[PDB]
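Here's a solo chain for you in structure tokens, the form deposited in one PDB entry.
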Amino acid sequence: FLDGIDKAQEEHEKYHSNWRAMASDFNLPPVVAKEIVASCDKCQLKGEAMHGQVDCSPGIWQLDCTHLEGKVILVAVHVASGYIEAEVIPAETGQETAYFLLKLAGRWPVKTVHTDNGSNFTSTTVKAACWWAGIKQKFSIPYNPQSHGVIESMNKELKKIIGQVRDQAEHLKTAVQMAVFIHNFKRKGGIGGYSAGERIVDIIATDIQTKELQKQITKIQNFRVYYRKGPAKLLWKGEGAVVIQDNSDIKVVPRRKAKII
């Protein structure tokens, strides 16, 4: 193909013909033609067609601002549960946000907050508040809202509920509180058929309780395991398989070729 290749590259300079047009018009194997494309900096224009997944741990909260009738609403969602929390604030500042965040930290276990890079969120007073409450801060990749898609979506749902009830209240601060009520207690769905309020209760209580139980289990159940290696620590056994933890690495091995000591 030493002839077809030289021609295809020359034509690809002018035209940037994709790999099929070059395979067709120069009798080239697909891999060779595709190689011509892969080596053109001017033809690297499309990102891979996937989505990432956000952290759903019981301690992570996603925060954002949103805007309605010329007012700033600060919103937060426990990602695991869908449970929200919003207040109208006078201004999009680190002072309002640090105060909102201190309140939230005192009402629920807040381990990590994830936000976009709005200046209220990167301010120094929010840093000082998160430091004081023991909150780890995560900022998304700039201009990638998908990173905190949960809270962006919750902005959608909170504004829709506010629309449903705007007229029962006079001031937006009241409609906003009504809407948080409605979301957290009058809307069931998701994993347990729960309302978000019930679901966050279950998540946090389960977290506490499983922690306690597994603690007691590790206190009593104490063995060493050998498979294929070293003295791996036993985590779980049964049903013809043994789950071990060897050098901070959890692997599921069958009961065969595994002896518990």
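In this text, the rigid core denotes the largest set of C-alpha atoms whose superposition between the two forms falls within 1.5 Å. Numbering starts at 1 and runs along the sequence shown.
Separately, the form deposited in another entry exists; it is not shown, and the next lines address it.
- Once both forms are fitted on their core, the CA shift for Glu69 between this form and the one not shown remains under 2 Å.
- In the core-superposed comparison between this form and the one not shown, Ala205 has its Cα shifted by less than 2 Å.
- After superposition on the rigid core, the Cα atom of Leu28 is displaced by 2 Å or more between this form and the one not shown.
- Whereas the displayed form keeps them at a certain spacing, the CA atoms of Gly106 and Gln214 lie at least 3 angstroms closer in the other form.
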